[PDB]
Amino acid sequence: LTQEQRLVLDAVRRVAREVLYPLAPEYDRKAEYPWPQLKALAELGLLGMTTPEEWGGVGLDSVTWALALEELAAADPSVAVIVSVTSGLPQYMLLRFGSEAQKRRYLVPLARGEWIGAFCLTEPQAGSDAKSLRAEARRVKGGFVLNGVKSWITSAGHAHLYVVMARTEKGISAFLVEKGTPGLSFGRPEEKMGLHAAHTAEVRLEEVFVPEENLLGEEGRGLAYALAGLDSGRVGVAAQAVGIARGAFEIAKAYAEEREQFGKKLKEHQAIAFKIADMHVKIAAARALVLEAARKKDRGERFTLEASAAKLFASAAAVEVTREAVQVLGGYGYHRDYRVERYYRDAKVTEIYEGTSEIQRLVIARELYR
């Protein structure tokens, strides 16, 4: 890493350790939306890592961006997912497909972290098959009228701007809906296994009016925009999966060096030393795939294949590492006060969102036979 890249990570590391880490436990057991953490990050411009400085962001390179997400996830996976989403598709789509006026009033406040954004694609009946969503959008003189139900929306009810994907006569399109808008509604946050602080709920739209200017890019070419940003999002989630593995790993490594049983520190029993070594290898391999993808992105080359590979491997690595991390601490690994149990719960979901492991495999195979 260059001095510059390490300077950035020095800042990310500081906020992660000083703000995210100490607050993580309370926010997880209370399933409380992380406003203090986000604000702490916005002030550092970290909610705009994927956006150029001339749009309110800090425009980092993909490698530094990936390592930052890992650092944030290692401290609080919940805070990291929200970050990756608000500076994810919402800021990706506005930047590459939005108008100068849209970029001026929407991108800027997102990149600067004044607003939290959200992406709405998933529907109760359509998940992996986005290409078949049923949210409607009819042309009304003045704009459009949206009707539908979006599910599993990260930051729902908290985000100021929502990028809603709906269908029109011409096809699937992207819309920009602000909070407060008449008709827009939010269900109660879903109770889940992990990512407790990262609220996810339904975004309900009943006869919501959207101005002609709130339409994002070409009508009917929205799904294409979304998939365009998915490659990046996956590298981002892959990065997070590595962070989740690293966070649990560090606790296990330290523990095996302090804890003693049968007259030796745990690391002195081959079984345990081998678990610590396997964990490391999985993490190193996972990060290697993440950075390779990030570098390819920066070279302006197609990186769909490398993105799914990294997402797929890292999420599996995260689950596999955390399982052993808990194991190393014995009973204590099951205790909330030791954090590894929290990492174990969060790890599993990385195999589901941002494209399930099954879907990542379809994409990979498709790419291999292109």
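In case it trips you up, residue 1 is the first one in the sequence shown, and so on.
Participant: Comparing 312 to 320 with 31 to 39, which stretch shows the greater average C-alpha B-factor in the deposited entry?
Facilitator: The stretch with the larger mean CA B-factor is 31 to 39.
Participant: Do the C-alpha atoms of 353 to 361 or of 6 to 14 have the higher average B factor in the entry?
Facilitator: The stretch with the larger mean CA B-factor is 6 to 14.
Participant: In terms of recorded Cα temperature factor, pick the maximum from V140, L266, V237, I251.
Facilitator: Highest C-alpha B-factor among the listed options: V140.
Participant: Report the option among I276, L89, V145, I153 whose CA atom has the maximum B-factor in the deposited record.
Facilitator: It is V145.
Participant: Looking at the temperature factor on the CA atom of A293, which third of the chain's modelled residues does it land in?
Facilitator: Within its chain, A293 is a middle-third residue by C-alpha B-factor, going by the deposited values.
Participant: Determine, from the deposited record, the chain-internal third of the Cα B-factor for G217: lowest, middle or highest.
Facilitator: Highest third - that is where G217 ends up once the chain's C-alpha B-factors are sorted.
Participant: Once the chain's modelled residues are ordered by C-alpha B factor and cut into thirds, is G48 in the lowest, middle or highest one?
Facilitator: For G48, the deposited C-alpha B-factor lands in the middle third.
Participant: With respect to C-alpha B-factor, does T168 fall in the lowest, middle or highest third of the chain as deposited?
Facilitator: Top third by C-alpha B-factor.
Participant: Could you place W55 in the lowest, middle or highest third of its chain by Cα temperature factor, using the values in the record?
Facilitator: For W55, the deposited C-alpha B-factor lands in the highest third.
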